[PDB]
Amino acid sequence: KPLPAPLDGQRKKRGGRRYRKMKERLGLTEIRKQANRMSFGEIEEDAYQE
Amino acid sequence: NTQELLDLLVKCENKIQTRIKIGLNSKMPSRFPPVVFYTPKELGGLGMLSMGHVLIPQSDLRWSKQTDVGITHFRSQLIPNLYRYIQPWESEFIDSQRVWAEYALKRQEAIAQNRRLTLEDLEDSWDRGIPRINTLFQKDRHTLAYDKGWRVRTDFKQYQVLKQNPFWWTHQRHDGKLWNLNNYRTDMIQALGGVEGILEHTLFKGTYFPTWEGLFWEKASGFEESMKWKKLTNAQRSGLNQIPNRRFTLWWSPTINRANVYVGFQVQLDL
Amino acid sequence: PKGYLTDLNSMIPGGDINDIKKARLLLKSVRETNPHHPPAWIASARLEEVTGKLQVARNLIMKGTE
Amino acid sequence: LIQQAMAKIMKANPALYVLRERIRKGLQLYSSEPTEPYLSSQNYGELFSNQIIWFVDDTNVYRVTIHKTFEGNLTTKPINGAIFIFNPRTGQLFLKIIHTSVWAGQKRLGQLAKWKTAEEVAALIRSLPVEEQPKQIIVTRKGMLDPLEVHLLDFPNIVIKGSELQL
Amino acid sequence: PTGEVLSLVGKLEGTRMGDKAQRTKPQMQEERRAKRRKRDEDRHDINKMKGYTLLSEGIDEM
Amino acid sequence: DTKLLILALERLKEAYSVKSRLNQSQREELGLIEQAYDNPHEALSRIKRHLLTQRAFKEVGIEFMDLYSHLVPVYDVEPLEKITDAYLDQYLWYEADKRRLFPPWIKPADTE
Amino acid sequence: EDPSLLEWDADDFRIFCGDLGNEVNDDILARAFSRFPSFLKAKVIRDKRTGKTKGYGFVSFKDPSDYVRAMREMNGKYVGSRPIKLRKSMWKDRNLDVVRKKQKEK
Amino acid sequence: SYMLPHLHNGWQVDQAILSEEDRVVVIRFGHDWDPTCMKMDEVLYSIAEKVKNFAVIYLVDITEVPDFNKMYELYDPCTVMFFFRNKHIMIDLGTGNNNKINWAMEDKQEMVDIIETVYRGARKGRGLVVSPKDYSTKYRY
Amino acid sequence: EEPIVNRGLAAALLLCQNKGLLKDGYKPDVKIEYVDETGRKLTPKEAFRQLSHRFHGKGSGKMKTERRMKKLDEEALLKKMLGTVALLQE
């Protein structure tokens, strides 16, 4: 199958209603804090544990 | 012991840095500052370990601080080698033998006094010897007693996993952590010129933050909430992966956009 | 092989695993919110004895008695 | 004169502040920030001011009753709960009733129940008009102010503060 | 003073491998000691009457 | 049996390093792993049934680790078969070390 | 209250066509209207002493179903140098504002 | 072989560029015998039908059609030219000149990404688009 | 718990404190503040927006102006101040 022609329509016109369940499936309300944070100053766990 | 290996490691390190440098710019950056490479990730650098002899020039160890009274200048060496923080195998083995004999006598005397060997007791020999005695204090201790044949399993894991395993010879859970680089990171920060000395190479002073104690980055945030889950095109994925490189370059602009790093091509920005 | 299997067949018993996990979580929350509630301790002991092992039920009964 | 002029212009210039904010956004430096002071015995006196403040207690939202039978079993029936949003200035207590069927058959942990409670608090705040919407929220439970900052992202003028004295 | 990594060979050749090899300490030892002290103090009456039964003891009722 | 099954499931889950982008096979294996972890007894019964009766299996996918010195074979197995094999491996190793099947000279030993 | 809507408002359908070329589509809107079945008016909102259009323009079409069909067909159509986006004209006048205020309190 | 359509005169080229309104016109200036052109045309045929929705490819012989040599600086053995709605699109590959590829990449996915980026930038309105890769370094190690 | 006593200013100050309502040679008081035509102090973002609007020579649109005016009216109404209906309905 040929690759569909790329396009950029309006991302979203309305919100609420079902839109919320949509994100709930993928993009639900995670911790959203201390997971994508780095803590500029100090070090968590070991230095180069990775 | 192996001199050819040391030459190989210094060559590979020079290659890795080169790769990063070329990514930063096509032109060869004569006298590129090493501070960007060896600075720990939490402080904005790449957090790269060193095995070669790297001399940090004194010219890169000066930093300024402004108070209402005026501006005051300050000064602070060689980059530490990781091997210095790695206990030799022979010392590891003799240490392990003596520490486990000590643990045997401590355990028998605790049993004599109806006591359980404490992790604090193990703390005395905190992970002493080649193996980490600390494991004696892990929760899965009872569960891991049935995980027989784990070294051979880890060695054979290469036939089942598409990711190459460098620590194929050991398991973190069973053998413990045989190495520690916390003091390595501390000495890296000190040798690079201290926290403020390193930050002088960055745009931290440009943010006008009164102190660096309570700050934090936002890894994978971007302008679109990082847009991680999507049906995005491969080119868009490459752009998203290159965005953190944009953040890194912006962070280290004050020390790489200088005329010492690049000779010639002094072009003013538009307007 | 057949004989062993039959025994396995006969050995097949609990109910829903997710409902039992939610009931165990509710019993743990009731024990954490009220340590001095012997109906909560009796419900946690009944939930730990109706499914799983009896050693955890005996430990929960001892914790509720203490 | 020039000294204090430079001091004040580095401290509070609008354009310089915009430059700093743009640099911070480009660097993604989300420096950590402290929360508001909790409702102690010396901070409750501001609760009766002209600003509309509300205290949200949701500890009695999820409640169950253990009915133990004599022979055979012992049941645990979840009952309906009530999240209390009380205003100390007006004496109005909104008792949001949560039925037993919302938690009986959901197959979810407490991270979904706390999110549902924060969404119910946000819907109760949005159902009220802007003249009746409070500007200060006092969370009785310490594990409830963290989703309340997430569920009230459309109204940044409200303050989600903790409480040291549990009502 | 370029940024080229010079060879370790010869550079601090034969350097102490344990020079920077500091050992890690067990963290959260005070909280574990406090939890052990609370578990030892909460089970004092259970350990004092562990071997004393209701039928085969003479100092049970007292 | 429960301890060996838990160890096998932990080993299988460990092999899946977090990349957040998994194919259908990896997510299916994760689903089977968590389902077996939730109810160990039914998984153990299924594993024993497979060991007693099953003799025909599905295709094993192959790939090559491209170490520039030499290619290394890598085999991808169906997740149910993977779980059965992992439990069998754990049980076999535990019982062999209990009975001292392998003489000392046979390394790589787990004590050094 | 600019007196300019008294020439095209004839109980017709007004379509706001924006996202067009600033230096283009000066009279191309007239060609589009002529292509449209109604072909009533294709006024372009432009600023005096500017030399360029102000962006969105008002196309008045008498036939409402034909206007809707044209809007469906011409939505995103490449007209001039940029695709013109067609939407419904607002036309919020003083009487409309008063009616909205009256309906807001009730 | 070369199943890709060919243009035998400047007229074919200059109405082929104006023929497509919703698709990017790709023109390979060069010679079939030229090996580099052979590699690029093999890559293009490998993706000729994949980009049928939003792109079209035409092959132009320099000897057959030499009128574009002076205006487009067609002095390389091979060039690739991108047009949309009669407007050329420059691509910032990092090679110094943004007008033409001037090289044959073996990976078809790179060309697919390049043409997709060109289409995205042309439909949005930018005349100059940025390649989602840097080709200054061959990335060989 | 302190009422407003007649002919006394210390009681109102105590109630407001309990409620939480509170070279040539010279020392030049160089004070720089951002204000608007309404006299209200402006946030740095608002001051920067005003400066940029004045420098660019073009202000905000009609919709943005209406939204700002409505927000200002709402803020004024809120700062100027359903229990009785809930008591009568119960």
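Throughout, a per-chain count from 1 in the order the sequence is written supplies the residue numbers; the entry may number residues differently, and those without coordinates are omitted. All chains are assigned letters beginning at A, and all ligands numbers beginning at 1, according to the order in which they are written. Only some chains of a larger assembly appear here, and every value describes just that portion. Side-chain metrics in this entry use all non-hydrogen atoms of the structure; hydrogen atoms and water are not considered. Residues with missing side-chain atoms are left out of burial classes, side-chain pairs and their counts.

- In terms of determination method and resolution, the entry is listed under cryo-EM at 9.6 Å.

**So, the overall build of chain C**
Right, on to step 1. On a plain count of helices and strands, chain C comes out with 4 helices and 0 strands.
Right, on to step 2. When the helices and strands of chain C are read in sequence order from the N terminus, they spell out α-α-α-α.
Right, on to step 3. For 66 residues, the compact-globule estimate of 2.2 N^0.38 gives 11 Å, and chain C exceeds it by more than 25% at 16 Å.
Right, on to step 4. Along the first, second and third principal axes, the C-alpha set of chain C runs to 50 × 25 × 15 Å. Segments assigned H or I by DSSP are reported as helices when at least four residues long, segments assigned E as strands when at least two residues long, and all are numbered from the N terminus. As a reference, a globule follows 2.2 Å times the number of residues to the power 0.38, and the radius of gyration itself is taken over C-alpha atoms.

**Here we look at the overall build of chain D**
Right, on to step 1. Counting its secondary structure elements, chain D contains 4 helices and 7 strands.
Right, on to step 2. When the helices and strands of chain D are listed from N to C terminus, the series reads α-α-β-β-β-β-β-α-β-α-β.
Right, on to step 3. Its C-alpha atoms give chain D a radius of gyration of 22 Å, clearly above 15 Å, the size a compact globule of 167 residues would have.
Right, on to step 4. If one aligns the C-alpha atoms of chain D with their principal axes, the spans along those axes are about 90 × 40 × 30 Å.

**As for the pairing of strand β3 (residues 74-79) of chain D**
Residues and elements named next belong to chain D.
Right, on to step 1. Two strands are counted as paired when DSSP detects at least two bridges linking them. As paired strands, strand β2 (residues 63-68) and β3 are joined by 6 bridges and run antiparallel to one another. If you follow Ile66 over to β3, its bridge partner there is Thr76.
Right, on to step 2. Between β2 and β3, which follow one another and run antiparallel, lie 5 residues, and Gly72 among them has a positive phi close to 115 degrees.

**Comments concerning the interface of chain D and chain B**
Right, on to step 1. Working rule for contacts: check all heavy atoms of both residues, and any pair within 4.5 Å makes them a contact. At the interface, 7 residues of chain D touch 8 residues of chain B.
Right, on to step 2. Charged residues are taken to be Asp, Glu, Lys and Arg, nonpolar residues to be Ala, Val, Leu, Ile, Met, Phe, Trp, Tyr, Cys and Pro, and polar residues to be all remaining types, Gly included. Residues of the side of chain D that touches chain B, tallied by class, amount to 2 nonpolar, 4 polar and 1 charged.

**With respect to the interface of chain B and chain E**
Frequently, the measure chosen for interface size is the accessible area removed from exposure when the parts meet.
Right, on to step 1. On the side of chain E, 19 residues touch chain B, which itself brings 20 residues to the contact.
Right, on to step 2. Counting residues per element, the side of chain B that touches chain E draws most heavily on helix α1 (residues 3-24) of chain B, at 4 residues.
Right, on to step 3. Its residues assigned to classes, the side of chain B that touches chain E comprises 10 nonpolar, 6 polar and 4 charged.

**Structural notes on the sheet that holds strand β3 (residues 53-61) of chain G**
All names here are of chain G.
Right, on to step 1. Strand order in this open sheet of 4 strands is β2-β3-β1-β6, and the pairing throughout is antiparallel. Only two strands of the sheet have a single partner each, and these edge strands are β2 (41-46) and β6 (85-88). Strand-to-strand twist of the sheet, defined as the mean angle between neighbouring strand axes without regard to direction, takes the value 30 degrees.
Right, on to step 2. As defined by bridge partners, β2 adjoins β3 across 5 bridges and the pair is classed as antiparallel. Paired with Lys41 across the bridge in β3 is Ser60. Only the stretch in contact is used when a helix axis is fitted, and all axes are lines through C-alpha atoms; the angle between N-to-C directions ranges over 0 to 180 degrees.

**A closer look at the packing of helix α3 (residues 38-50) of chain C against helix α4 (residues 54-65) of chain C**
Residues and elements named next belong to chain C.
Right, on to step 1. The interhelical angle for the contact between α3 and α4, taken along N-to-C directions, is 175 degrees, at an axis separation of 8 Å. Taken together, the axes of α3 and α4 are roughly antiparallel relative to one another. Of the residues in α4, those in contact with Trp41, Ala45, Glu48 and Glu49 of α3 are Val56, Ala57, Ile61 and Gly64. We call two directions roughly parallel when the angle between them is under 35 degrees, roughly antiparallel when it is over 145, roughly perpendicular when it lies between 65 and 115, and oblique otherwise.

**So, the arrangement of the chains**
Right, on to step 1. Of all 9 pairs of chains in contact, the one with the most contacts involves chains B and E.
Right, on to step 2. Between chain C and chain I there is no contact; the minimum C-alpha to C-alpha separation amounts to 33 Å.

**Focus on the sheet that holds strand β5 (residues 87-88) of chain H**
Residues and elements named next belong to chain H.
Right, on to step 1. Spatial ordering of the open sheet is given by β1-β3-β2-β4-β5, a layout of 5 strands whose pairing is mixed. Looking along the sheet, the strands with just one partner apiece sit at the ends: β1 (6-7) and β5.
Right, on to step 2. Of the strand pairs in this sheet, strand β2 (residues 24-30) and strand β3 (residues 55-61) are connected by 7 bridges, and their pairing is parallel. When the bridges of β3 are listed, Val24 appears paired with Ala55.

**With respect to unusual backbone geometry**
Right, on to step 1. Omega for the peptide link from F:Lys107 to F:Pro108 comes to 25 degrees, which places this bond in the cis form.
Right, on to step 2. Its identity is not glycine, yet G:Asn25 carries a phi of approximately 60 degrees, on the positive side.
Right, on to step 3. If you check the backbone angles, H:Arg85 has positive phi at about 50 degrees while not being a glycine.
Right, on to step 4. As for its placement among the helices and strands, H:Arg85 is situated in the loop between β4 (79-84) and β5.

**Some points on the environment of D:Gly45**
Right, on to step 1. For D:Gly45, the position within the fold is in the loop between α2 (14-27) and β1 (53-57).
Right, on to step 2. A sequence separation of 87 residues divides D:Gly45 from D:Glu132, and the C-alpha atoms of the two residues are 21 Å apart.
Right, on to step 3. Beyond its immediate chain neighbours, meaning those up to four positions away, D:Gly45 contacts I:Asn18 and I:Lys19.

**Quick word on the pairing of strand β2 (residues 70-74) of chain B**
Side-chain direction in a regular strand flips from residue to residue, so the side chains alternate between the two faces of the sheet.
Residues and elements named next belong to chain B.
Right, on to step 1. As paired strands, strand β1 (residues 63-67) and β2 are joined by 5 bridges and run antiparallel to one another. Across the sheet, residue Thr67 finds its bridge partner in β2, namely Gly70.
Right, on to step 2. Hairpin remark: β1 followed by β2, antiparallel, with 2 residues in the connecting loop.

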